[PDB]
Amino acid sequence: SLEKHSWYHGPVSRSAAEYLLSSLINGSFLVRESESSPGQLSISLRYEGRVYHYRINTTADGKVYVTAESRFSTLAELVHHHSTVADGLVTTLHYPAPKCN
């Protein structure tokens, strides 16, 4: 299911994610699992020459969020929302990074 999204890259280290994003434009991003655990998810977001790593958090009622004030039933909805309004992030999730895979 998640791997069908162009923005979901699976397990990727912090350094590898930074490399993937390093020559891309503002708003380029990817969702990754940690390199060793599928349980730890982050969004890595290129903005103003740097890569910001946002932990994905989960609530008791099973929603996910990166901004406390905007929570969603699914990660696809979270990404879709922050693709048009930054809503707390440094910028919008505009351009899914091409997968190297």
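All residue numbers are counted from 1 along the displayed sequence.
_CA B-factor placement of residue 13, once the chain's modelled residues are sorted into thirds_ = CA B-factor rank for residue 13: lowest third.
*Taking the C-alpha B-factors as the PDB entry records them, is residue 46 in the lowest, middle or highest third of its chain?*
Its C-alpha B-factor belongs to the middle third of this chain's values.
*Thinking about Cα B factors across the chain, which third does residue 21 belong to?*
Middle third by C-alpha B-factor.
*State the tercile, meaning the lowest, middle or highest third, of residue 68 with respect to the CA B-factors recorded for its chain.*
Answer is highest: the recorded C-alpha B-factor places it there.
*What third of its chain's C-alpha B-factors does residue 93 belong to: lowest, middle or highest?*
CA B-factor rank for residue 93: lowest third.
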